[PDB]
Every structure is written in C-alpha cells, then in structure tokens.
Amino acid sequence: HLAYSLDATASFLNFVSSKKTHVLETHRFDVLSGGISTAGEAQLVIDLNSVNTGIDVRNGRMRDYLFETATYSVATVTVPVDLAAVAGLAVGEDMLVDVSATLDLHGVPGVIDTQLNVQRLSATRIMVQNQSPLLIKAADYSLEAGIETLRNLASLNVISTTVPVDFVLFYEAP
C-alpha cells in the first residue's frame, strides 16, 4: 500500500567525479523508481545499469568494474518518513527532515545521516531533495578497487574517492 509513488520521469539523481587536478564531471542515473508506503517507509531504487557519463565505453566500465551490475543491478535507499508531517505541509511550504537513510550499494549497507528538504507542491505532489551538498566515500561501499581499475584503464594519475551526490525527487499521492 503506497501513500506516494515516485514520478520517475521528473526525478533525477546526479553524482560528480573528480580526476587529475580537480577535473569535475557530473554523471547521472537515467532510471529511478520508488514510493512511500502507508507504513511510512520511503524508498528510492537507483538502476545502476542506467549510469550515464556521456561516453558509452566509460558507462560500460562503470557498470562492469565499478558497480559490478551483473551482481548488483540496483542501489536501494530506505528512509522512515512521518506521513502526518508531510500531510501537514501547506502548499508551497517546506520543512527540513533529519534522516538516517539506509543505502544498500555494492553489497555494503550503510546509514546516511543527512538533512532533506521536503516541499509540498500541490494537494498530491511533493518535492524531496538533499538540503546540502552530500558526499559519498567510495571506501564506505567497497568501491575503491573499482575506482583503481578505472584509473589504471585510463592511465590516470588520480581519481578522487569522494563523490558529491545531488537529487530532486518528486513523489505523488493517489
């Protein structure tokens, strides 16, 4: 039973790599799914096969050697939500929510303690986004070896193991 469903088309989630001397590139996942149950569990499922770095060979290397998508096709975030506090938002009103979100990525579940911005857009639609810049450390999900494979394949000197993540999620009630 769902209180909300993710609007997958309108929603997005991006991450930024840095290589060499602070050479930044923003990548995205083209396919997201999710919803919020009537029991107050929000989920975001990130299709790791939908990684889009703008370069097909690189996408393949990220699927095969970083995320290892034959084993790990999706990353799943789960967050307890107060549905009454969401219901209580007036149209156009926001609130800050301090969450302990569980991220299941690359076989290593971890908790992300962060703050989300939740804004009501209409009687049925809400927008959820990271309130501040959100950094993921590859080592927290056993992803450093994959980064080293990508580095060595590219003949690069350095690839940063810290990755900023940004998202804007739209959820819609029945």
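So that there is no doubt, residue numbering starts at 1 and follows the sequence shown.
A.B. asks: Tell me which stretch has the larger mean Cα B-factor in this entry, 129 to 137 or 59 to 67.
C.D. replies: That would be 129 to 137.
A.B. asks: With respect to the recorded C-alpha B factors, which stretch has the higher mean value, 158 to 166 or 17 to 25?
C.D. replies: The stretch with the larger mean CA B-factor is 17 to 25.
A.B. asks: Going by the CA temperature factor in the entry, name the top one among 84, 95, 75, 91.
C.D. replies: Spelled out: the listed residue with the top C-alpha B-factor is 91.
A.B. asks: Once the chain's modelled residues are ordered by C-alpha B factor and cut into thirds, is residue 47 in the lowest, middle or highest one?
C.D. replies: Answer is lowest: the recorded C-alpha B-factor places it there.
A.B. asks: Split into thirds by Cα B-factor across the chain's modelled residues, where does residue 31 land: lowest, middle or highest?
C.D. replies: Answer is lowest: the recorded C-alpha B-factor places it there.
A.B. asks: For residue 124, does the deposited CA B-factor place it in the lowest, middle or highest third of the chain?
C.D. replies: Ranked within chain, residue 124 CA B lands in the middle tercile.
A.B. asks: Pull the Cα B-factor of residue 114 out of the PDB entry and bin it into the chain's lowest, middle or highest third.
C.D. replies: CA B-factor rank for residue 114: highest third.
A.B. asks: Comparing against every modelled residue in the chain, figure out the third that the C-alpha B-factor of residue 108 lands in (lowest, middle or highest).
C.D. replies: Highest third - that is where residue 108 ends up once the chain's C-alpha B-factors are sorted.
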